[PDB]
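# Summary of structural features
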Amino acid sequence: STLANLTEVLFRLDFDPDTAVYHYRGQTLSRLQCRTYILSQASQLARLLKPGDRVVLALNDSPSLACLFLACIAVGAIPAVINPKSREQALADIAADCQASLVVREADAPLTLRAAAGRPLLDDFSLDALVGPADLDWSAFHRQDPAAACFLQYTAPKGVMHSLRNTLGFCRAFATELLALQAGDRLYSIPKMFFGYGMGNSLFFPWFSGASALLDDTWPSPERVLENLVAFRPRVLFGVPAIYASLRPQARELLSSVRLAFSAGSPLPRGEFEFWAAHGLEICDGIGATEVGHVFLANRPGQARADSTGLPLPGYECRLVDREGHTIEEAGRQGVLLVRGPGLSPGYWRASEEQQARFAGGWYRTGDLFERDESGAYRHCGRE
Ligand SMILES: Nc1ccccc1C(=O)OP(=O)(O)OC[C@H]1O[C@@H](n2cnc3c(N)ncnc32)[C@H](O)[C@@H]1O
């Protein structure tokens, strides 16, 4: 295969550079603005990090987080985004697990750097003081095997490795094949970027499909969410079942903007589906897993059904194994869901033999019990 770099590949996708990519605190950044900032920042990270060094980013959602993440990748570093409110020992355990060279935290608290106070639109994270001002026209991307580890996603937390190949893989299946996101689409993800679901929705899909995403550094209280819906008016809403439960009293405001409502994280109850169907809003339930990059099995827009997880996305293969390890062919018979496909991770960054056994045989063992109906659609039935 030909060596490549995930940030460079995204930067080369054919979309208008003057269009929005990120929105933050009432401001908007274009693809061009972030691209310029990412290259400048990369020129500084290259003075600090050698290719392969790990970086832990314990930051609230913001354009600077997304861009710093892409700047790490540009120079060949391997970033991980974790909950900024992690306990001290939890942050330490993660940095030790990936042997990180650099941790970047919020203000006031490996080498540790801090964001500025005041929530600026763009942040230098003290790099100007640490390594000096940026180069003007940096482009020294670190290109590598497309199957090699590019960044980590931690889900005892284990670090899931994601590569250039399977990242573009899960983007294609979900953003393109399932949702058919169009350039200019406005996206709003309630889950944050330290969640695999949020990282895809907010960080990657804007670059991948020419869309733009609202980023919010505050926690998603239902009143904060409602504010954002009316200020931003997204076409696509990435939610979870409890969120839609909390949005019932505001159905009018929701349907005024949201045209594609997605739900992931846990099974969407039939009651929630039918309530919003009665109001004329289709909630598409889909399942993803960190070890699979993003959503791999979902209700297709315009064809969703209640109490169902839908059909495997294009390119994915789903299998059900019974308690003796045999593949289940019959419908209405529960088994453990195994999955392979474009988004499948190459494995955990650091793990025991038993931990890596989740990836045994070229499949990811979800640990979810599922059943298939006569048409091939899946239905969540609990955990093993
Ligand atoms: N990482 C993700 C990327 C995209 C979208 C979600 C995720 C995500 O949740 O990743 P995680 O690794 O935290 O958890 C995966 C596990 O969560 C459960 N689950 C998620 N979605 C559903 C659903 N629709 N219906 C039923 N169960 C679901 C299921 O137990 C699964 O094994």
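Residues numbered from 1 in each chain as written, not as in the entry; some residues may be left out. Heavy atoms only, no water.

- The deposited coordinates derive from X-ray crystallography, with the record listing a resolution of 1.9040 Å.

## Some points on unusual backbone geometry
- For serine 126, which is not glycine, the phi torsion reads 70 degrees and is therefore positive.
- Even without being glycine, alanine 180 reaches a positive phi, approximately 50 degrees.

## Here we look at the pattern of salt bridges
- Taken as a whole and judged by the stated rule, the model has 19 salt bridges.
- Across the pair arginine 235 and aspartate 185 runs a salt bridge whose closest N-O atoms are separated by 2.6 Å. Of this pair, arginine 235 sits in the loop between α8 (222-232) and β11 (236-239) while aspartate 185 sits in the loop between α6 (164-178) and β9 (186-189); the two residues are 50 residues apart in sequence, bridging distant segments of the chain.
- According to the relative accessible area criterion, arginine 235 is partly exposed, its value standing at 28%.
- Classification of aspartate 185 as buried rests on a relative accessible area of 9%.
- When the shortest N-O distance is used, the salt bridge between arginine 379 and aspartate 307 registers 3.2 Å. Taken together, the positions of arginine 379 in strand β20 (residues 378-383) and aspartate 307 in the loop between β14 (295-298) and β15 (311-312) put the pair 72 residues apart, joining distant regions of the chain.
- On the accessibility criterion, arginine 379 (37% relative accessible area) is partly exposed.
- Given the relative accessible area of 31%, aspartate 307 is considered partly exposed.
- Via salt bridges that share partners, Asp216, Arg224 and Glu227 belong to a single interconnected network. (Salt bridge = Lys/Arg side-chain N within 4 Å of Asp/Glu carboxyl O. Helix = DSSP H or I, 4+ residues; strand = E, 2+ residues; numbered from the N terminus. Buried < 20%, exposed > 50% of the residue type's maximum accessible area, 1.4 Å probe, protein only.)

## A word on the packing of aromatic side chains
- All told, the structure shown has 21 aromatic pairs when counted by the stated rule.
- With a centroid separation of 6.4 Å and 80 degrees between ring planes, the pair formed by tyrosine 22 and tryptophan 207 is classed as edge-to-face. Accessibility classification places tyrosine 22 together with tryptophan 207 in one group, the buried group.
- Where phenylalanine 174 meets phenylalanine 262, the ring centres are 4.9 Å apart and the plane angle is 85 degrees; that geometry is what we call edge-to-face. Of the two residues, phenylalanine 174 sits in helix α6 while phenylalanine 262 sits in strand β12 (residues 260-263), which places them 88 residues apart along the sequence.
- The class of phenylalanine 174 is buried, set by a relative accessible area of 0%.
- Above the plane of the ring of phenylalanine 275 lies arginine 248, whose end atom (NZ or CZ) is 4.5 Å from the centre. (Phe/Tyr/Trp six-rings, centres within 6.5 Å; stacked < 30°, edge-to-face > 60°. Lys NZ or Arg CZ within 6 Å of the ring centre and 35° of its normal.)

## Regarding the sheet that holds strand β19 (residues 364-372)
- Strand order in this open sheet of 4 strands is β16-β17-β19-β20, and the pairing throughout is antiparallel. The open sheet has two edge strands, β16 (317-321) and β20, and neither has a second partner. When the angles between neighbouring strand axes are averaged without regard to direction, this sheet yields 50 degrees.
- Both strand β17 (residues 335-340) and β19 contribute to a ladder of 4 bridges, which runs antiparallel. What sits directly across from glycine 335, in β19, is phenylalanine 370. (Pairing = 2+ DSSP bridges. Axes fitted to C-alpha atoms, helices over the stretch in contact; angles between N-to-C directions.)

## Focus: the sheet that holds β15
- Strand order in this open sheet of 9 strands is β2-β1-β10-β9-β11-β12-β13-β14-β15, and the pairing throughout is mixed. The open sheet has two free edges, formed respectively by β2 (27-30) and β15, since each of these has just one partner strand.
- Bridge analysis of β9 against strand β10 (residues 212-215) gives 3 bridges, and the strand direction is parallel. Of the residues in β10, the one forming a bridge with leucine 187 is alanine 213.

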